[PDB]
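Working notes for the structure below.
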Amino acid sequence: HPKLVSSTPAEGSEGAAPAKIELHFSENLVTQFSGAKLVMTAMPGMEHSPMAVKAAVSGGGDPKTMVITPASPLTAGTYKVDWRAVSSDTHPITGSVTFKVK
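FYI, PDB author numbering numbers position 28 of the sequence shown as 28, with every residue one higher than the one before it.
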């Protein structure tokens with residue numbers, strides 16, 4: 001199928017911070033209208049209030065290959081990457097991956 005096909009993000013990885021978050025599209029979408037962020041969804045103790053963390057969105061050689069690098073070292077907790085991929089033409093793919101860090 002076109003669009004998002006493979007990744008190496010952290011799909012329910014429970015153990016350790018992922019080194020980086022790789023996202024691999026069949027379609028060369030992402031002209032210049034894409035982004036991603038990472039929220040520390042640690043514990044919904046105070047009514048589901050996560051905290052947005054500092055991460056950089058890069059790509060590999062081909063602009064179909066996104067590579068998100070956390071800028072701040074990810075500590076223990078629980079965390080969701082929310083990614084927002086988009087093409088020139090139209091047709092977003094917005095999405096997320098959740099993970100736990102021991």
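A virtual CB, placed ideally from N, CA and C, is assigned to each residue, including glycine.
- Nearest neighbour of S58 by Cα position, chosen from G45, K37, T78 and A42, turns out to be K37.
- Under the DSSP assignment, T75 falls outside any beta strand (DSSP E); it carries neither an H nor an E label.
- Going by C-alpha positions, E11 is about 6 Å away from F99.
- If you draw a straight line from the Cα of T31 to the Cα of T65, it is about 12 Å long.
- Assignment of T41 by DSSP, reduced to helix, strand and coil, places it in the coil class.
- In terms of CA proximity to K102, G77 leads the group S88, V86, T69 and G77.
- Boundaries for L29: no beta strand (DSSP E) harbours it, and the DSSP string shows neither H nor E there.
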